[PDB]
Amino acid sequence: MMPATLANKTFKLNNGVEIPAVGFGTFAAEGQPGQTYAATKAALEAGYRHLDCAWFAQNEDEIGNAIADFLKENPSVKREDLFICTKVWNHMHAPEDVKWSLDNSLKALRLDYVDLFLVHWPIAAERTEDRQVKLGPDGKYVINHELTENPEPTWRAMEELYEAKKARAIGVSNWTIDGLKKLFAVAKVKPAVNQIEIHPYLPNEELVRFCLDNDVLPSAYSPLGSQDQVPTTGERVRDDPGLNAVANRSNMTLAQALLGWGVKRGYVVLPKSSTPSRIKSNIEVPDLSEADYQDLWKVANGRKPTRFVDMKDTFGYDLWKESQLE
């Protein structure tokens, strides 16, 4: 129990929608049936009012069941009290496919609408007749290059879903500054959120500015590092001695310190956990003192950026032209 927790703080998107600063990440590549339901229920009962989902996670049915059961067990809570965000995957970038994805997600979550609908990646890919990712002879995504660099159709579909009041806000994920310039050029409805990987080992400071200065709210996934360990040196963010020192001196958890850092920078954080204890503890986001904030920033600035989420080898498409040399 943290009375002064930032789990009550919200941000106001550029269309006036309120989004809780802390949201629960439901993606596990460990899914394992019943885990998503249990974790989502634990998060709702721990005080989370923000749920991050995605068609890619293939767990929206359990999330919807959890939401239904929670709302049924607590009459004082309404669906309007919850902020539900879901995303459309890469093979469904065709406008009809985008709409179908949103409808499928709504059916699974047992919701009439979502508060945030995000295009998961700026990469349109081909699909099979049964709405599965089409693999090529190399076993990698079959890229639709036309829809990939002139993504206006996709965004139009999103705008329509926005105007059909099926999504209260629409946005992008893993977008770049140049991609954002592209979309602004072509968009009628400016994206409200750009969900990206932000953490002390990948501060993403330049993109965080571009978004904030253009009325696009960043949303940080993998805010605790990730379920992944640094390849080039075998490092975990949550093992970093400086981060742990800052957390220990102020009698808070390392994850709490990282989440407070993120929220103090002014963006949303999406911690994920299957463990009940971590789900309870992650919601107790502290309002960092200036010393803790500056020291965490020191740790972040003393390092080579490290990006833990790069699916280059799966998509067969290098969005972020990052190489060993150079």
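The first residue of the shown sequence is 1; numbering continues from there.
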*Going by the B-factors listed in the PDB entry, is the mean over the C-alpha atoms higher for 130 to 138 or for 167 to 175?*
130 to 138
*Determine, for stretches 244 to 252 and 149 to 157, which one has the higher mean CA B-factor as deposited.*
149 to 157
*So among 200, 234, 122, 218, who wins on Cα B-factor in the entry?*
234
*Which has the highest CA B-factor per the PDB entry: 260, 34, 266, 64?*
34
*Comparing against every modelled residue in the chain, figure out the third that the C-alpha B-factor of residue 27 lands in (lowest, middle or highest).*
highest
*Within this chain, which third does the Cα B-factor at residue 60 fall in: lowest, middle or highest?*
lowest
*Would you mind ranking residue 105 by its C-alpha B-factor against the rest of the chain and naming the third, lowest, middle or highest?*
middle
*If you rank every modelled residue in this chain by C-alpha B factor, which third holds residue 222: lowest, middle or highest?*
middle
_residue 281 by Cα B-factor - lowest, middle or highest third of the modelled chain_ = lowest
